[PDB]
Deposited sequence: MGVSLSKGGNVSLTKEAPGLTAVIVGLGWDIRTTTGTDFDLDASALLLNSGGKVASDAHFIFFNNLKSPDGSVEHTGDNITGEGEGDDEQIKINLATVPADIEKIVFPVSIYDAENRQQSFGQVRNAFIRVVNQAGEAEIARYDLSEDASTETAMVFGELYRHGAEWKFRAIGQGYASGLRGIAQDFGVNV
């Protein structure tokens, strides 16, 4: 009498604190909630360090970690798919290094950098990306997206790099930034 949908998910980003002297590694997890035209539903549907919750309340970022201090996921974005508004069709997950050009930083310099998505109904890992190893030369990437498939939600890994940083990503998806 049990049937069948992803309903609550957590995206987790972690990395290790820089051991050499120099500016810290400040990685950032973001989310963009898109409409059926692939555009952010409003500028406040870009969830990041300066906007930690969606207006609808379905997507919340737990807070900005600017060094990597702490084990496991250093930043998390919690998504309650049940309460995502109907107008939202996809939620895309960028990962970036803050101020990477000025700091001359890339994922390959950072130790044990990973991003993952966990199905909270049972803590099963859905997908992981090894940023240190597989996005070595990158400073910003789209990890993946949750998307509607009929009445349910699925995840799709994307793994696409962007040379123009988090701002460039935000621009492509129609954020006024």
- Query: How would you list, in order, the spans of the deposited sequence that the model does not cover?
  - Reply: 1-12, 17-18
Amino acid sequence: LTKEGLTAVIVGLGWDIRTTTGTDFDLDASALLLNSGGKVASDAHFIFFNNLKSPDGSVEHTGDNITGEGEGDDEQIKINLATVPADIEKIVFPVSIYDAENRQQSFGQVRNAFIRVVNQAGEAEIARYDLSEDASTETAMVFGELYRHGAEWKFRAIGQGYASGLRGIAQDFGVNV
From here on, numbers count along this sequence of modelled residues.
- Query: If you average the Cα B factors in the entry, which is higher, 134-142 or 63-71?
  - Reply: 134-142
- Item | 54-62 or 113-121, whichever carries the higher mean Cα B-factor | 113-121
- Residue with maximal Cα B-factor (values as given in the PDB entry) among 11, 157, 17, 166: 157
- Sort 31, 27, 151, 34 by C-alpha B-factor from the entry and give me just the highest. 151
- Task: Ordered by C-alpha B-factor within the chain, which third holds residue 96? Give me lowest, middle or highest, please.
- Result: lowest
- Task: Using the B-factors in the PDB entry, rank residue 1's C-alpha atom against the chain and give the third, lowest, middle or highest.
- Result: highest
- Of the three thirds of its chain by CA temperature factor, lowest, middle or highest, which one includes residue 47? lowest
